[PDB]
Amino acid sequence: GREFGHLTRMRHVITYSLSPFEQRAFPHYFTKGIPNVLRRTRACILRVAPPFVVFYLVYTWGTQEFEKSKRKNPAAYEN
Amino acid sequence: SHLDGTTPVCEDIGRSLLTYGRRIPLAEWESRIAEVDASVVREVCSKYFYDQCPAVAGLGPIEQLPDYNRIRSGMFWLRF
């Protein structure tokens with residue numbers, strides 16, 4: 001059913017590989033990894049962060065508002 | 001059997017002179033073969049086969065051809 005041999009039909013695709021004992025496990029890990037991470041972060045920061053920033057603003061206001069509510073009201077004890 | 005015929009003998013002579021620098025007589029080949037036993041076969045195969053990175057060439061409907069990591073793992077035995 002789902003086995004290597006009849007999954008799909010592919011033609012004229014040549015793949016070149018290398019032995020894991022002939023290549024480095026961390027090739028250019030920081031020279032190319034760090035720029036790549038920045039690219040990925042930049043592409044997603046404007047789609048992931050903004051919703052969470054709203055939560056932080058709501059969380060701060062709610063915490064402050066709850067504190068203010070418990071605070072003493074001088075006008076209530078006037079007269 | 002390969003040395004039956006004038007053309008095979010000439011090819012053997014030329015190739016031997018190009019590669020070995022000399023024509024190896026069949027007597028020397030037989031002596032070298034007779035030197036071979038089970039221990040020699042095991043040792044040489046271990047030297048050249050056991051736990052070695054191979055080169056693979058596939059062509060055609062080779063979707064089932066095992067991944068190179070799997071083939072490399074197949075190039076050694078856990079039991080041994």
Side-chain angles (χ1 to χ4, degrees), chain A residues 1-60, chain B:
Chain A
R2 289 283 303 181
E3 303 163 6
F4 287 113
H6 58 183
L7 298 177
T8 190
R9 188 168 190 264
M10 180 168 65
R11 294 185 54 183
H12 314 132
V13 177
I14 313 180
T15 87
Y16 309 88
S17 302
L18 236 191
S19 180
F21 301 85
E22 301 272 353
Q23 51 193 312
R24 296 173 288 118
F26 296 97
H28 314 291
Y29 189 65
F30 298 109
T31 86
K32 303 181 187 300
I34 299 182
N36 183 62
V37 171
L38 300 184
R39 193 205 78 245
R40 298 156 63 181
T41 303
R42 191 185 322 179
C44 305
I45 195 63
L46 290 186
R47 308 177 188 183
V48 184
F52 293 115
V53 177
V54 176
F55 163 67
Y56 176 72
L57 302 185
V58 176
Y59 166 74
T60 51
Chain B
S1 303
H2 177 63
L3 302 184
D4 173 59
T6 58
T7 299
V9 176
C10 286
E11 190 175 340
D12 184 75
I13 290 173
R15 193 198 301 105
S16 306
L17 277 192
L18 285 187
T19 61
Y20 303 106
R22 44 180 281 269
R23 174 82 190 283
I24 300 181
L26 287 179
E28 180 170 346
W29 281 122
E30 215 290 322
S31 65
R32 296 182 188 275
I33 292 175
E35 277 189 352
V36 179
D37 68 331
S39 59
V40 165
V41 168
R42 277 187 276 106
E43 165 191 337
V44 180
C45 292
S46 304
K47 181 145 85 74
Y48 290 94
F49 281 112
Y50 187 91
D51 198 7
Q52 296 290 342
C53 304
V56 184
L59 175 58
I62 57 180
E63 185 187 11
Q64 199 177 100
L65 184 60
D67 194 304
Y68 188 86
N69 278 311
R70 199 72 80 89
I71 296 176
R72 183 57 180 82
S73 301
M75 290 295 295
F76 73 92
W77 265 2
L78 294 177
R79 81 194 70 167
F80 181 70

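Order of the sequence lines fixes the chain letters, A, B, ..., with proteins taken first and strands second; residue numbering starts at 1 for each chain.
In this structure, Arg22(B) places its CZ atom where more than 12 heavy-atom neighbours from other residues, nucleotides or ligands lie under 6.0 Å away. Counting non-hydrogen atoms of neighbouring residues, nucleotides and ligands closer than 6.0 angstrom, the CZ atom of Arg42(A) reaches no more than 12 such neighbours. Heavy atoms from other residues, nucleotides or ligands lying under 6.0 Å from CG of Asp4(B) number 12 at most. Counted within 6.0 Å of CG on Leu38(A), heavy atoms from surrounding residues, nucleotides or ligands total more than 12; the atom is thus considered enclosed.
A salt bridge links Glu28(B) to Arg32(B): at least one charged side-chain nitrogen sits closer than 4.0 Å to a carboxylate oxygen.
Atom CZ of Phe52(A) and atom CG of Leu57(A) lie 13.5 Å apart (nearest 0.5 Å). Distance CD/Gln52(B) to SG/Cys45(B): 12.0 Å, rounded to 0.5 Å. Rounding to the nearest 0.5 Å gives a distance of 10.0 Å between CG of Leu3(B) and CD of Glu11(B). The CZ atom of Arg70(B) lies 16.0 Å from the CE atom of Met75(B); values are rounded to the nearest 0.5 Å. Within the model, atoms NE2 of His28(A) and CD1 of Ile34(A) stand 13.5 Å from one another, a figure rounded to the nearest 0.5 Å. Here the CG atom belonging to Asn36(A) is positioned 9.0 Å from the OG1 atom belonging to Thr41(A), to the nearest 0.5 angstrom.
Aromatic ring orientation, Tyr29(A) versus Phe26(A): perpendicular (interplanar angle above 60°, classes split at 30° and 60°).
With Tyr68(B) contributing its side chain and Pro54(B) its backbone, the two residues share a donor-acceptor pair below 3.5 Å. In terms of modelled atom types and a separation under 3.5 Å, the side chain of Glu63(B) and the main chain of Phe4(A) share no donor-acceptor contact.
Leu65(B) has its side chain within reach of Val56(B): a pair of non-hydrogen atoms, C-beta onward, lies under 4.5 Å apart.
For the pair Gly1(A) and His6(A), the tightest heavy-atom approach, listed with the atom from each and the gap, is O-NE2, 2.8 Å. In terms of heavy-atom proximity, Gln23(A) sits nearest to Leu18(A) at NE2-O, 2.8 Å. Residue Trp77(B) comes nearest to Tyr50(B) through the heavy atom pair O-OH, 3.3 Å, listed as atom of the first residue, atom of the second, then distance. Scanning both residues, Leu17(B) and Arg23(B), for their nearest heavy atoms gives CD2-N, 4.2 Å. The minimum heavy-atom distance linking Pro20(A) with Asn69(B) is given by the pair CG-OD1, 3.6 Å. Contact record, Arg72(B) with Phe76(B): O-CD2, 3.6 Å, taken as the closest heavy-atom pair.
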